[PDB]
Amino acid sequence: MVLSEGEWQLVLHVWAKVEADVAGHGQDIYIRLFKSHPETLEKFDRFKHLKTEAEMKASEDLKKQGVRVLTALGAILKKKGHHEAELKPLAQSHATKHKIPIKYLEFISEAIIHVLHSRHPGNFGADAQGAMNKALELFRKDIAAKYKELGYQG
């Protein structure tokens, strides 16, 4: 699939607000993912012991992880679909090292949309949410194809 430039601009205008405080947005996204789909926390060997939202919020390592994840995703979005180089290493680590099914990529995509809808009504109206869903679907579609090339079902 292919996004229009207008759609990419709606994605990048909300991402500019995320970048005001990437750490805080990453904590909210993880808290939402782990609360909504608790099975996903089991994939993180360093964090799977966390029991409550308060513990998740206080984890300096989880906060650092969130920054890494949103910064990598932000670099993919800024390529506006020309993200083959960025997707290579990520697909390899997520298929082979971490073993993250496509379904769990759908769960984190849902969590990102939920947090942007909550924090950024000014830049996350219906058209902008639609454009971000398209961008994240494109990301998952391209990751899934790479998973298959790498020998992972997903």
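In case it trips you up, residue 1 is the first one in the sequence shown, and so on.
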**Study point:** Between the two ranges 18 to 26 and 142 to 150, the one averaging a larger CA B factor in the entry
**Key:** 142 to 150
Point to revise | Which of 100 to 108 and 118 to 126 has higher mean CA B factor, as the PDB entry lists it | key: 100 to 108
Study note, to complete from the structure: Binned into thirds over the chain's modelled residues, the C-alpha B-factor of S59 lands in the middle
Study note, to complete from the structure: Quick tally, chain-level thirds of C-alpha B-factors: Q92 sits in the lowest
Exercise for review: Give the position of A85 by CA B-factor within its chain, expressed as the lowest, middle or highest third.
Suggested key: highest
**Study point:** Chain-wide C-alpha B factor ranking for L33, given as lowest, middle or highest third
**Key:** middle
Review point. What third of its chain, lowest, middle or highest, does the C-alpha temperature factor of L41 fall into?
Key: highest
